[PDB]
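Order of writing sets the chain letters: A, B, C, D, E, F, G, H and I. Residues in each chain are counted from 1.
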Amino acid sequence: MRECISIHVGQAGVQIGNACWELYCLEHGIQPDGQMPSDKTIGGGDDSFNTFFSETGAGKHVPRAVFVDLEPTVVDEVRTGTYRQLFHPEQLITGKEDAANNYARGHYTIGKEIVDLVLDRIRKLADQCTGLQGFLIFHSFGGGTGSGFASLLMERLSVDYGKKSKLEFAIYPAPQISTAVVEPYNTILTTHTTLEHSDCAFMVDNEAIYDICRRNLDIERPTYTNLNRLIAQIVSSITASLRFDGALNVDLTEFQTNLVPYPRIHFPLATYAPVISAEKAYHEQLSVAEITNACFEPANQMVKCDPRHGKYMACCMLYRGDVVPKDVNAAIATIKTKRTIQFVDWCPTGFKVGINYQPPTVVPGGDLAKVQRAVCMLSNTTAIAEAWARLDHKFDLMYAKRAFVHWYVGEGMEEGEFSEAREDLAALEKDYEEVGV
Amino acid sequence: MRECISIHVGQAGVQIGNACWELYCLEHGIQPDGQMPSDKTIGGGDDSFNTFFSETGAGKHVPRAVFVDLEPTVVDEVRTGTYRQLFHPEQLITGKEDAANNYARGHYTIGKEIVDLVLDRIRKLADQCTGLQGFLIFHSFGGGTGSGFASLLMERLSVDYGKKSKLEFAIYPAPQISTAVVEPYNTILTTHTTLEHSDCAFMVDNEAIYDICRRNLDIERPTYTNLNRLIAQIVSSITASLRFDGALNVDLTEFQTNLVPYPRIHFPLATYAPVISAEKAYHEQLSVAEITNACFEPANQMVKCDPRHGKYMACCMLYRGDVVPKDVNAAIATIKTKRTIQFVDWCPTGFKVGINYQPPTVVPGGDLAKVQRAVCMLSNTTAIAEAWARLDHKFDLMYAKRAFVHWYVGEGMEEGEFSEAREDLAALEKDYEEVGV
Amino acid sequence: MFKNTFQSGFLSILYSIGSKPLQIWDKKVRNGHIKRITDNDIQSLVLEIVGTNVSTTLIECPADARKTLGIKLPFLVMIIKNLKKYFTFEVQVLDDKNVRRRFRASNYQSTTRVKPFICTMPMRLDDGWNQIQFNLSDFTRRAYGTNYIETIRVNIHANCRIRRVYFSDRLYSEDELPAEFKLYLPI
Amino acid sequence: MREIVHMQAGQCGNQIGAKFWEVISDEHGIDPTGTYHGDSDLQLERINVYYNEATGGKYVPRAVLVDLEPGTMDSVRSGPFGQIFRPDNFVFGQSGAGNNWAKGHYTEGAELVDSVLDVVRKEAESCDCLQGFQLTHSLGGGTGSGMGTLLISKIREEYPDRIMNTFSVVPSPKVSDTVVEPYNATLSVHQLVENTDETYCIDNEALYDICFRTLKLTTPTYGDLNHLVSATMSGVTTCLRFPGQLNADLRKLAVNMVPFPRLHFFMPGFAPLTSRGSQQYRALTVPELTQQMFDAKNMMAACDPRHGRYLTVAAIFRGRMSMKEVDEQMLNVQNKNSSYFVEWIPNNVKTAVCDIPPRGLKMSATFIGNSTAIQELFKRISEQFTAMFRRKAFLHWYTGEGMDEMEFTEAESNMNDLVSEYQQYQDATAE
Amino acid sequence: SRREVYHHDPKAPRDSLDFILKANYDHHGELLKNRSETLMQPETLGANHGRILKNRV
Amino acid sequence: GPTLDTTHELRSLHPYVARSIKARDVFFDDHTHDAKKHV
Amino acid sequence: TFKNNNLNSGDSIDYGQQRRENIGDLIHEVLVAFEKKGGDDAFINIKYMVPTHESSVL
Amino acid sequence: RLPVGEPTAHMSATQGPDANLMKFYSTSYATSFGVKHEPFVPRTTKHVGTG
Amino acid sequence: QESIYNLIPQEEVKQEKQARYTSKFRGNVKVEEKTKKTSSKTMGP
């Protein structure tokens, strides 16, 4: 009964939804037409699919997803091709004119014509559930729909729902890598809605996932597909406790109660880190302690920030596969006896362990190895202040000379929201730096 | 045993009845020539097709229908089409000169020379049937034969037969879409002369069906064939209890004693759900609560009138397919626990339901899908008073300086008949607001 | 309205002699005209409601809706002039029950057709100055079987020249009428 | 499904747009008769952007053709790919402006702008989304400059929110091509500043060196010159027509470049450029593609971004390649040439990537730059304008066509103010 | 604060039927429009609804 | 002009274009009067 | 044309109703006198010209 | 004026791009998501159940 | 209730600004945004 509805906003959200619903369809053994493969009936009363998929009629499963964009293609690209009959035609909602990398267009001009339609689709999918665990929003901060329209959706979702848990996966701008110039403006403007319309904020840096792909997976020219596969692996490891049965395991509320110390501090870091290719997996001790250390390495993080410069508040370790609790306790003991990793003084017991029986599955044509043991560490720390400081320095550099402000002002937002959002992020920085010491 | 006689007056009525009898033949397994298939068997068993057909010995089924229009062509495409052999030649009654969009020409002229012939054919059909249940009179309020000769025939039937149900399907003219300029005059006059002879006057609107076909049923180019198919689905859901066994058997007598509070208010709006297209169809659960909610949505109404500006008097919910009366009870309770949907203070028991076991049959070459559940609404409400207000505004604008009245005077009608009709329908508006308050 | 007042002999509602004798009535005109002029037959001020499409031009007896002209007197007497045109009037009454019926008498109907909330009766008034007498008690006993309790509202539509509208308990024939209620025609 | 309408004004605009419709019919599979003979369905998949559909398989262009004489449009109609245009879209007069901006804007173009506006209004209400307008003309002619700027002004009065593109074949520093080019350019830029959303200043001499040095080619011919221009337009517009890993339409381009409203003058660049017989030595890699973009000799304007400072750079990689190579090459070129980049805009490069390279090419790349170096072009134009206007050269034509000298002074003042703001944003520091 | 159990919101409908019913579309006089704007919300319009949408005063 | 057939017209052109014609306009081959047509 | 040009003064005495300058009134008794001292085939012609008019002798 | 959030007929009645990398008109989405399932024919279902 | 002394204009005195925080990695960001940049290495002078 453990359903959770996934909303995928923007081009980044739509592509992550493609790479994620592929993983869901192979993990539940579903061909890209909704139906099971020929003479491959489920059997055994396996109710694992009744959290992401809904029985419509005669062995067909529809996803509990809403793919949103303000422009054609991507959504049109998945409406025409391979995964064509998997999705309901009225849940892959797309617009006509994109938000043009403009928060004002995404929030004020083009945002208020399709937001009610996607809200009605969300309401229908929530009524189709017999008790909803929460929402999983996927967007890049970036420009346009991923900031303005995601802001609009979170703002309306928090007043419609709110007993549910809203987990949002944000693709943060890198320290130097960016495909746009108004990414600091859009990201500053969406800091407020990610501060006060979300319950957990899992955040990823493109450059950091690039570095992990270049180092661990040994591929030298990754595209967005490998990064989206890693994001799909992280989300699958997060929700596999809800999907599959196993040992002691967490829920979307157990996670939040064991993770976030204060309502403002809800910005953790995600590290799924038995990440390797098969050629190097021939030569590694793929053990629980080894993959826990790989999670705790500073170079295996999906945000370009050094956790050695901060203090860990709490860590939720989600293990998958042939994993007993006793070597997990041994790994936690070794992590505690490690001196490089530091914990905050008011959180002595800083680990929540959830073990699941189902190992991850590799997609064909992918790059991950089929490991029997997997770990995803979800850690709340004070090292995200470096990303905040980089964002604020870029925003101050652009905003000193009043550059690109005329687009936002002409498209409809008043001048003061820039300073308001800058002050909001300054307050969040002050909160994190205060709670760190 | 029980038998019903269908009279299709006017071009609109004839085309409607063409679609209706095509659907009846498809759902009772009768080939278009009139015979049943030899190698295939579809009819028999779960059928009571003798309520709408007659067995003439060797194995031909002849419908109990009279197709009347005072203009040759629209009867000759029936006479020379695919269903040329299905209808007995004296059922398809045609005239010589058209009624020319004139109530006076349909009431005091040429139709007066053919009312005797159609009454004799009705007498022969009523002598053939072994106990008549009622008449289904399909026409339009637009003008000519549909507003004129149809009203004259209903008056003659009320004089001759008496005490029998005369259910009337009325194609009501849209608030802004219209294909004629004397439609307010014709609708005013036919309402005045039908208000005391129609037991029920089921209202259907072309513009609202256009809205339904554009939004719910894909189709960017709706047309009269799709409109007639949808109306045929409505009347099949209405009359399916006479032809299939069900849990709550509702016949044509119940529609007047459960939807007409006072002998002036007999105009219930029609609504059908699901009207989903075949592209989506099997990507939705289409449960009883879902089809009832979509049936209760103000956008999914087949008369251009929202129920939010009025209070519901009565609601007939004809469920069809794998519907359980506990599911129907739970759905009806779910609507009854909503405050935006208002019922009158004198009617705590506002619902009459009819459960039928036979799911609707898809028409090959049609636009609907093969669905199990289907709910059909007949909702009598205090909301169509605004449509009467708009139509008296149209009549007032026309009649302020006596436009087009010279035709009606020159072909029979007295001058005061228009004012009598306007006075009576203004009294009908006063009755609506008196009941609503 | 018109409650807690003495209603025994007569109760005049409209009287064209006066300063503002439409203060309680509600003027709705769409394609006609209401005006006070001096008639050539009685040589006195007379209200006129002349207008085409008589279903629009009308005056109700209360100025607003949701207010009832509470009058217990059965007979309704109206001094009207025949203009050889479409004349129509309506009265709303309350029965012994809580139901409110409407009696609509017009000069262009032909059949008395009793309906649950409306009577729709014809009338054939003479030429010149007619005095319409309308019983309401025999009428509510004959059309529905109830008894007359009180009036609700009075509508006089169009194409008429009104001198006086009033209520009385009994018939009140000519030689016991008061001087101001007599319809006096000078030579 | 976002439609844009294409307008051509003058001889240069007519030939350049004719070559543009030729190349974008070739890449969509449209034969000269007007039907479709493409290989894959992706060619017609977004055919609604540039073509209206007639009865049958006819796909007419969404184009308007303006010239005051039959002339060049007569040649275009009696040339290849000239039968696809609707004959009702050829709007022409009788006289013809004699390279006179006053004649093209006040006398001869005055009583033709009504017909052109009716054609444009009809062809734009035939759209479904109407992203915007693009116009091809030169700032050195009579009906290219005056009538084109009049069209821009009237269209901005009609639709004030749509995107406007101009392709603005600017006068060349060397050679002349017309002796009244300073007057025409000063009068046209004064209109382009306050009425255009984005402007690609394209130089004949820069295109000459591009076509003759980086492509050898001996005799270059205006067919190849206009085809280089058309390839730049296709690389600009392609995210509407083909899918990609990170698409970017005209409004994304204009938002992510134009910092301040009167700084929308760009330098285009198309950077697959292989000389005849050097493809064997060519390596065909993303770093080499980015290097051929960020070379000063590959600009299609005479101005030097090494002399100036880049404000915003847009790079569209049209083809299949990796975000690794693309993003790291943009970061490397920025961090190496940080001198030619404004410090107050961190990472001032927008990246777009398509998926369909040109037919016969593995990958292409269009380059758009908004450097402050483009003030050199306006300085050249303004100084030649001063040298003519001091002695009143050729001014009797403009005054006899009913037009005053304060128009010239206001145009020169606006251009000098444009140079002033460009220099101000060039030499302004971060902190 | 909304997840806090002492915050019950009488708006924010529990049903899709109520979600379309709280819209602004007027079926008697709104001409041939679509699913996107047959369910337009007053919060989207910017009416005087008593709902706190952002923390900003 | 010549007598219209339109079946040959959308048969002689590309399958994608003909599919687009049938998807956007169902009246290009509207053949209600085809069985009663007597070639 | 001038049949419906009368005075919509409401409940207000027309003090100028002795000079007889109201066209909307005057046309009415012109038509009534026409129908009265006309003939049997008079209402048909008057109704043919002005459609609003109705008989004073019926 | 086509509706805002709906697929269009021209978009819907199309073929997908080639998932083969050796094909020229191959998108990243086709070559990554569906290279295993190149000759894929989707299988449409129907609802079951009766009164 | 209401009083004469309620008509005294009490104003609002003064509302503070509470300036921004300017986090401690500002120097690290300023160092690391220029630890890699050079001057005219690829394009040339």
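Remarks
By definition in this document, a contact is a pair of C-beta atoms (placed from the backbone, for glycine too) under 8 Å apart; a residue touches a chain by one contact, two chains touch by 3 or more.
Contact counts per chain pair peak at A-D. Taking each chain's centre as the mean of its CA atoms, G is the chain most distant from chain A. Distance from each chain's C-alpha mean to the overall C-alpha mean is smallest for E. Note: centroid distance chain E to chain F, computed from Cα atoms, is 46 Å. Chain centres here are Cα averages; for chain D and chain H they lie 36 Å apart.
Averaged C-alpha coordinates put the centre of chain A at 41 Å from the centre of chain D. Chain C and chain H have centres, each the mean of its CA atoms, that are 75 Å apart.
Residue numbers of chain D whose C-beta contacts span two or more other chains: 1, 41, 243-245, 346.
Residues of chain A in contact with two or more other chains: 15, 34, 56-58, 60, 72, 74, 76-77, 89, 96, 113-114, 117, 127, 176, 223-224, 393.
Among all residues of chain E, those that touch two or more other chains are 15-16, 20, 34-37, 39. Across the whole structure, chains are in contact as follows: A-B, A-D, A-E, A-H, A-I, B-C, B-E, B-F, B-G, B-H, C-G, D-F, D-H, D-I, E-H, F-H.
By the touch criterion given at the top, residues 1-2, 8, 10-11, 14-15, 17-18, 23-29 of chain H touch chain D in their complex.
Contact residues on chain B toward chain A in their complex (touch as defined above): 279-280, 282-286, 289-290.
Interface of chain F with chain D (complex): residues 9-10, 13-14, 16-17, 20. Against chain F, the residues of chain D that register as touching in their complex are 35-38, 41, 44, 56-57. Interface residues of chain B, counted against chain F in their complex, comprise 80-82, 220-221.
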